[PDB]
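The chain that follows stands alone, in the form deposited in one PDB entry, written as C-alpha cells.
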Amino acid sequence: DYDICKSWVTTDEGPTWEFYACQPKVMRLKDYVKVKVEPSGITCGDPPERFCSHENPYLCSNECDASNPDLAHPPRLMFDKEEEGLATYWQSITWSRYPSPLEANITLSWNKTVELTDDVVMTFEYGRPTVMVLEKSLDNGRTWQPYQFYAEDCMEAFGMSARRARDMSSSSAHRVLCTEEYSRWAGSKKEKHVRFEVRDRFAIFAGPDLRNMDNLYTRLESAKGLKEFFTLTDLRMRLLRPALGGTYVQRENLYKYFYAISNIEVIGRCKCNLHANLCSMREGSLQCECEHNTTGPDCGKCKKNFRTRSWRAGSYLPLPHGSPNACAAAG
C-alpha cells in the first residue's frame, strides 16, 4: 500500500511530477542489526565449560568452547540462516554463580528509525526466561523505556497484573504490559518463542483477520502515540532469570540453567514519514531515499531550496492514497 512516491504526467503546462504519500517495503530487520551482548564474559566458553543438553542426558558433558568453531556460541548465531536440523544459538555461561542472578542484556541497534509490522519473535533453546523485560529506544540508546514485561508471575516480579495484548481496547492499544504467557512454566513445555505481539495490537483496529486496514491506517494517522508505539531505533532484551522448569533450582546441577537464543526475528520497514519508498544502506546504516523535496535520514526535514513552509509528514489520509505533503520551493 502507499507504494509509489511520484508519477510523471502531463498537464498544461506540459510534463510534470505528481506526488503521493509513500513507504518502503517490509524487511528482515535482523539482516541489518548490530548486536551488543553484556555484561563482559556473559557468553559461554571462555574458559570452556560443560552444560546439560536436555537429554539430559543426566551426564551433562556437552561443552561450550569459545576457541573451537564447532563448540562456540557467539551473538551472531542469533541472526543467521539455519539449515534444517541445525539450530545455531548464542549461549550464556551456566548459572554456576547461583544464588547471584544470571542476567544478560542483548541490545539490538539499527542506528535508524524503523517501524515494526509483525511480531518480534525471540526463540530460546533451553528454556525461555522466567523473567525478562523488552525495552526500546527511539534516540539511538540515549534513553530507554520498557516495551513489554515478561514473568512467570507478573505481580511478584514487577508489581503488575498479568495481561495479554489481544485484551487491549482502542484506547489501550499502545499500553505497556506484563504478560505471563511466554514465561510461566518456562523450561518444561519446549515452546521456545517469546513474542512481542504487534499483529494483536493491529487487530484492535483491523479486526481479528486484519481485513479492516482502512481503520488501522486511519487510527495510525489520527491516534496520537499509536504509530510511534511501533517505532524504535533499538530494542534490548534485559534477561533477568533463566528457565526453572516450573520447579525450584536444583543446586547440585547448576549446569542445566543457561540462556540460549537461536533466532531473533524483527520485521518492519524504515520510518520515512510517508516520503520515500526505498530505504538502503548508505555509509554503513540504513537511510531513506527521500522524495517530495525532503532530506535527513528519515525525510524529516525540507531540502535547502524548498523551505517556504514548515515540514510535514506525508499522511495516510484521505483514503485510499493519502497526501504527500511535499516541501515547497518559493512561488
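Here, rigid core means the biggest group of C-alpha atoms that superpose within 1.5 Å across both forms. Only residues modelled in both forms are compared. Numbering starts at 1 and follows the sequence shown.
Between the stretches 260-268 and 274-282, it is 274-282 that shows the larger average CA temperature factor. When the mean C-alpha temperature factors of 7-15 and 303-311 are read from the deposited coordinates, 7-15 comes out higher. Highest C-alpha temperature factor among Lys136, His174, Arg251, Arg195, as the PDB entry reports it: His174.
Each of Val121, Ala186, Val114, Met237 has a CA temperature factor in the record; the biggest one is found at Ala186. When the CA B factors of the chain's modelled residues are split into thirds, the value for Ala66 lands in the highest one. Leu319: CA B factor in the highest third of modelled residues in this chain (values from the PDB entry). Ranked against the other modelled residues of its chain, the C-alpha B-factor of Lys34 as given in the entry falls in the lowest third. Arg164: CA B factor in the highest third of modelled residues in this chain (values from the PDB entry).
For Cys290, the recorded CA B-factor ranks within the middle third of the chain. Only modelled residues enter the ranking.
Absent from the display: the form deposited in another entry. The rest refers to it.
Of the candidates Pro39, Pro69, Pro57, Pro47, the Cα that moves 2 angstroms or more after core superposition between this form and the one not shown belongs to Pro57 alone. Considering only residues present in both forms and aligning them on the rigid core, one finds runs of three or more residues with C-alpha shifts of 2 angstroms or more between this form and the one not shown at 8-17, 54-57.
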